[PDB]
Amino acid sequence: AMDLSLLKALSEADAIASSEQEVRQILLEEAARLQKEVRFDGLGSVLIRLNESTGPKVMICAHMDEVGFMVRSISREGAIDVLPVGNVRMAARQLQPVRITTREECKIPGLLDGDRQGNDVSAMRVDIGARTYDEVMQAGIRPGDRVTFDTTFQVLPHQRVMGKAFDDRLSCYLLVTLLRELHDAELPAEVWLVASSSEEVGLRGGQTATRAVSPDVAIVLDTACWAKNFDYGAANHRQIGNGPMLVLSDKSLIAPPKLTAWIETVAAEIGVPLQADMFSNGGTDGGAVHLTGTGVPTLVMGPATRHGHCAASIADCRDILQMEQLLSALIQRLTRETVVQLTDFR
Amino acid sequence: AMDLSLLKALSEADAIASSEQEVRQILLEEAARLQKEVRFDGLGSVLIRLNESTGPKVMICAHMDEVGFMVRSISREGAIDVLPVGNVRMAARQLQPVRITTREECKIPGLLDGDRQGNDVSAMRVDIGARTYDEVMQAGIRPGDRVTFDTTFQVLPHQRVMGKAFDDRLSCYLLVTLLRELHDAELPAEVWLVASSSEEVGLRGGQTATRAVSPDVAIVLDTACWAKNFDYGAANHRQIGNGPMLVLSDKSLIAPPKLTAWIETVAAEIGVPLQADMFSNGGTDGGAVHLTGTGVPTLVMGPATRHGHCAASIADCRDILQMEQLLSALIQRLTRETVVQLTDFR
Amino acid sequence: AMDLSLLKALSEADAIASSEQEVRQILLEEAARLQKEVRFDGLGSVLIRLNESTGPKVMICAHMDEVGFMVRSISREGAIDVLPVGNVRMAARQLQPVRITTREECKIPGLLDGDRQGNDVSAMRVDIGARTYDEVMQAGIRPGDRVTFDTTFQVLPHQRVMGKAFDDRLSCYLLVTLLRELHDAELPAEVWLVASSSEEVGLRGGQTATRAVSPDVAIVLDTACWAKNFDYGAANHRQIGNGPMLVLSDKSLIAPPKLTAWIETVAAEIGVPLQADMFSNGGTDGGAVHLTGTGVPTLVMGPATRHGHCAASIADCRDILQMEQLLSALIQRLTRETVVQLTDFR
Ligand SMILES: [Zn+2]
Ligand SMILES: [Zn+2]
Ligand SMILES: [Zn+2]
Ligand SMILES: [Zn+2]
Ligand SMILES: [Zn+2]
Ligand SMILES: [Zn+2]
């Protein structure tokens, strides 16, 4: 079963690096309802201790922030200059409905447009219909205000879903349903569920949250899409409906073969199909995470999406439920001896 | 003397980020034979304690991984899509003999080819003569398999050598011969010989291994070649036969003048000529290493090579022997008072 | 069965136009062991009379030479300038392992590199690690020395093989196995097996050897590959595993319909599938051969390969065995009345 109102709430929440209160508050409400202790790092990353165990520490990590824009400047004509926060697709920077969230938490709708030069779109502005600097000031808008795509979460035919911020609200969704499923479970590992701050602008909350937790093993949840959307050939290992992705490599991390092989054997036991994927361009917080302290065995997993870093992505509900199932099964098998065996280089 | 069978074993070993077992086992055999304690970081970096001393901690660091490719995908026709691991030269991605190592450690030879567009070569595929997907599966080949240049180590005239992975197997070679020479020596410093994991893909095993060791001083061993191979002019400071290189700067590190001055005085005492070099394009272990904790006085040194990040590099045996001699002499002189003198900013 | 040691010997032999002694000696050893008469043309082409017959003269022709390079010049720095011999692929002229054979028959390994400008790669140099002119002289290297790809012959999965010079060492291989099989056979034709000199540089040994033999009919054995390697569509008629190629046309020859029809009927009788192919870009022995004297009915056949004129090609052993079988069957059926029928224009 999908909780579509939770997925709607997370998708529609407006949260960028350093202003993630809308996502944080959802997570905090879930933890408080289940009487779970919440800790924070210096950046505001949410650290939820699932349980108490003398077994190995496992961190399951998602990012709270989405790609968007930030108010930079207001012109005398009431044009709102913005800069991108994260890698917003160049093709998603022209004539796009957006909304601006002010310090008083008011939301003002607008149309974003930019100048195109070849590949690149820069000099972006948001139009709220204002004719003066003062009209914008009156709406409560200020430099630093977050700007996000103006997308309503929607259900698609055949149990697929569409909305903004699936990178990485799908994984925030998974953190919550893991918490709901496993809050009273007897587990062989101590599990920390981490929603890290500010991933889209680099590798920020990932680093600090990992240090605060100090896991023995880490699972980073992120998503990705194939550039050629309707190419269902053997080269596309990011096809929605074909099961969770197991990321073998990205620019920041090459997954450890022992951990990869173990997860594959668990997925095969429980009947979850896996897509083994490699990122040619992208980075995840997998990179910063594994390089913490003296090194953490880490891999990246997640459901595939179509499109990404734009007004809307598409995901398949079965993929999401299967990731939930695989994560739970992995957690239930992560014994001290298992994690020792997966880190023995002799 | 040169141990050519050792250099052959190291050069011909196939080891990329996260799959360095072929090099690690060679290192482990050397340490065991000399009854030396071996530790690991979380990434599998090999940490060899040479001795016990109350003097300063000295780390000598080389990397285990080589540039290569990784199996990404297998088409219905039996084409094996691969992605580069590390910066493989663009001119080394077309019609190159390679071999793939499977999870069962079988080695399947193949021909790599890529699609050239201008400077760039991408969409790389390996051909093993297969006609179907299932033929490749039957050979044991899977996504994630390491792919390396199919190069046999060879002796050249006038005591020079040619083979793959000289970056950084020449430096792994140096770690071993230092271990063989100094295993029973009385030394003013506690020496750690570190073969770090995953350097070609970033600041990876270097960072974590340095933290595990916490040295007072670090020498990072790496190699480089001059782009204009037969220009023996004054601007080429990477000429084979002209002595070990002392790297004054690279993208990731500017060596401390106090440390470089000291090394220069030791080399002049023992009659080892040095080439002072600056990297305009490249980075090293050096960058990650010196930024560890509150900062480690660090420099980069090593034998020059011709060519690099391709099927074969060329090195001069005299250069290698002189580096070995300079490393031993530095270690014998690294007293507590020396390393305090070289770190005094007052 | 395949004689892999023979194919290895032929593939690994280093032989270019005017220096084909390594292949010629292999051929001479086979003929002597079977007490067969060997003649030469003025270029050194090897002419083997299989038998004595009053029937029509049949020539079966392969070429001895491979594409490679030739030492042109040695600089004061010990760089060895080379020029290509034959059409070496442009994508096979950069960072390629090679070896140089001197007049004393020593083999010095090296790395070839070239200067790319657009499509073209020129100003090729070989590096043997030398630092001076005199170092190269001391190694025995001189202008005129042959330079070949440094490729070891290798077995691939599913009974396929990989090595250099498959163009045209696969066909030299076929000459030898035909000689071994048919040395004592009673035949309706007088068969001449010809390994011609210097094909890669023009219409060279083909022309002169044909004149020395004056055949009534000629089969020229050569190989080709399809530019788009993994396109197994209907337009690729050079797929390994799909049977020997019958060349309907190339730049230098349009095969006689009467001859191609006959061969097609023989192949269908014995169950050998054929791929009918047309060269849009290439020429062969076929062109020079058919224009000899008052004209010789001639066609080109051979096993397909993948890749060509580079460090390594791939071939399918079944294709090679089927060509051997088709050649033997053609020879056994080539009666005086057959070859008169196939040349009657009235
Ligand atoms: Zn993202
Ligand atoms: Zn993400
Ligand atoms: Zn390198
Ligand atoms: Zn290196
Ligand atoms: Zn040819
Ligand atoms: Zn040919």
# chains A, B, ... in the order shown; residues from 1 in each chain; ligands from 1
call {"tool": "closest_atom_pairs", "arguments": {"of": "chain C", "to": "chain B", "cutoff": "7 Å", "atoms": "only C-alpha atoms", "output": "JSON lines"}}
result
{"residue": "C:77", "atom": "CA", "partner": "B:230", "partner_atom": "CA", "distance": 6.3}
{"residue": "C:79", "atom": "CA", "partner": "B:230", "partner_atom": "CA", "distance": 6.6}
{"residue": "C:91", "atom": "CA", "partner": "B:94", "partner_atom": "CA", "distance": 5.9}
{"residue": "C:92", "atom": "CA", "partner": "B:95", "partner_atom": "CA", "distance": 6.1}
{"residue": "C:94", "atom": "CA", "partner": "B:91", "partner_atom": "CA", "distance": 5.9}
{"residue": "C:95", "atom": "CA", "partner": "B:92", "partner_atom": "CA", "distance": 6.1}
{"residue": "C:109", "atom": "CA", "partner": "B:156", "partner_atom": "CA", "distance": 6.9}
{"residue": "C:128", "atom": "CA", "partner": "B:156", "partner_atom": "CA", "distance": 6.5}
{"residue": "C:129", "atom": "CA", "partner": "B:314", "partner_atom": "CA", "distance": 6.3}
{"residue": "C:139", "atom": "CA", "partner": "B:157", "partner_atom": "CA", "distance": 6.8}
{"residue": "C:156", "atom": "CA", "partner": "B:128", "partner_atom": "CA", "distance": 6.5}
{"residue": "C:157", "atom": "CA", "partner": "B:139", "partner_atom": "CA", "distance": 6.8}
{"residue": "C:160", "atom": "CA", "partner": "B:129", "partner_atom": "CA", "distance": 6.6}
{"residue": "C:230", "atom": "CA", "partner": "B:77", "partner_atom": "CA", "distance": 6.3}
{"residue": "C:310", "atom": "CA", "partner": "B:95", "partner_atom": "CA", "distance": 7.0}
{"residue": "C:314", "atom": "CA", "partner": "B:129", "partner_atom": "CA", "distance": 6.3}
call {"tool": "residues_near_ligand", "arguments": {"ligand": "ligand 4", "cutoff": "8 Å", "atoms": "only C-alpha atoms and all ligand atoms", "output": "MDAnalysis selection string"}}
result
chainID B and resid 62:63 66 167:168 199:200 221:224 284:285
call {"tool": "select_by_dssp", "arguments": {"residues": "segment 181-214 of chain C", "states": "strand (DSSP E)", "output": "VMD selection string"}}
result
chain C and resid 190 to 196
call {"tool": "residues_around", "arguments": {"residues": "residue 38 of chain B", "least_positions_apart": "2", "cutoff": "10 Å", "atoms": "only C-alpha atoms", "output": "list in words"}}
result
residues 346 of chain A; 27, 28, 31, 32, 35, 36, 40, 46, 47, 48, 49, 50, 192, 193 and 194 of chain B
call {"tool": "write_last_selection", "arguments": {"atoms": "C-alpha atoms", "output": "compact mmCIF listing (two decimals), in the first residue's frame"}}
result
# COMPACT_ATOMS: atom_id res chain seq x y z
CA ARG A 346 42.40 -10.50 4.30
CA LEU B 27 51.40 -6.55 -0.63
CA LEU B 28 49.97 -8.94 1.98
CA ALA B 31 54.29 -8.22 4.80
CA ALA B 32 53.53 -11.76 6.03
CA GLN B 35 56.17 -10.99 9.91
CA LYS B 36 54.87 -7.45 9.69
CA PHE B 40 43.21 -1.73 6.72
CA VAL B 46 46.75 -1.45 3.11
CA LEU B 47 48.54 0.00 6.18
CA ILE B 48 51.92 -1.56 6.94
CA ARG B 49 53.72 -0.63 10.11
CA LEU B 50 57.41 -0.94 9.21
CA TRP B 192 53.85 3.46 7.83
CA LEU B 193 53.79 2.16 4.28
CA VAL B 194 50.36 2.76 2.83
call {"tool": "atom_distance", "arguments": {"atom1": "atom CA of residue 291 of chain A", "atom2": "atom CA of residue 208 of chain B"}}
result
6.2 Å
call {"tool": "atom_distance", "arguments": {"atom1": "atom CA of residue 234 of chain B", "atom2": "atom CA of residue 270 of chain B"}}
result
23.9 Å
call {"tool": "residues_around", "arguments": {"residues": "residue 22 of chain B", "least_positions_apart": "5", "cutoff": "9 Å", "atoms": "only C-alpha atoms", "output": "PyMOL selection string"}}
result
chain B and resi 10+13-15
call {"tool": "write_last_selection", "arguments": {"atoms": "C-alpha atoms", "output": "PDB file, in the first residue's frame"}}
result
ATOM      1  CA  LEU B  10      52.546  -5.357 -10.007  1.00  0.00           C
ATOM      2  CA  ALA B  13      47.983  -7.073 -11.877  1.00  0.00           C
ATOM      3  CA  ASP B  14      44.486  -5.817 -12.776  1.00  0.00           C
ATOM      4  CA  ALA B  15      43.188  -3.517 -10.067  1.00  0.00           C
TER       5      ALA B  15
END
call {"tool": "atom_distance", "arguments": {"atom1": "atom CA of residue 176 of chain A", "atom2": "atom CA of residue 271 of chain A"}}
result
23.0 Å
call {"tool": "closest_residue", "arguments": {"among": "A:246, A:225, A:255, A:137", "to": "ligand 2", "atoms": "only C-alpha atoms and all ligand atoms"}}
result
A:225
call {"tool": "residues_around", "arguments": {"residues": "residue 277 of chain B", "least_positions_apart": "3", "cutoff": "6 Å", "atoms": "only C-alpha atoms", "output": "ChimeraX atom specification"}}
result
/B:237,247-248
call {"tool": "closest_residue", "arguments": {"among": "B:220, B:106, B:88, B:342", "to": "ligand 3", "atoms": "only C-alpha atoms and all ligand atoms"}}
result
B:88
call {"tool": "select_by_dssp", "arguments": {"residues": "segment 155-265 of chain A", "states": "alpha helix (DSSP H)", "output": "ChimeraX atom specification"}}
result
/A:166-182,205-213,257-265
call {"tool": "residues_around", "arguments": {"residues": "residue 282 of chain A", "least_positions_apart": "2", "cutoff": "10 Å", "atoms": "only C-alpha atoms", "output": "PyMOL selection string"}}
result
chain A and resi 224+249-252+278-280+284
call {"tool": "write_last_selection", "arguments": {"atoms": "C-alpha atoms", "output": "short mmCIF file (atom, residue, chain, number, x, y, z; two decimals), in the first residue's frame"}}
result
data_model
loop_
_atom_site.label_atom_id
_atom_site.label_comp_id
_atom_site.auth_asym_id
_atom_site.auth_seq_id
_atom_site.Cartn_x
_atom_site.Cartn_y
_atom_site.Cartn_z
CA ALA A 224 17.99 8.90 -11.47
CA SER A 249 29.18 3.49 -9.65
CA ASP A 250 28.83 7.23 -9.98
CA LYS A 251 31.39 10.05 -10.20
CA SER A 252 31.74 10.19 -6.39
CA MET A 278 26.23 3.29 -13.55
CA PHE A 279 26.23 7.10 -13.61
CA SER A 280 28.40 8.65 -16.31
CA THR A 284 25.24 11.39 -5.05
#
call {"tool": "closest_residue", "arguments": {"among": "C:195, C:326, C:245, C:253", "to": "residue 295 of chain C", "atoms": "only C-alpha atoms"}}
result
C:253
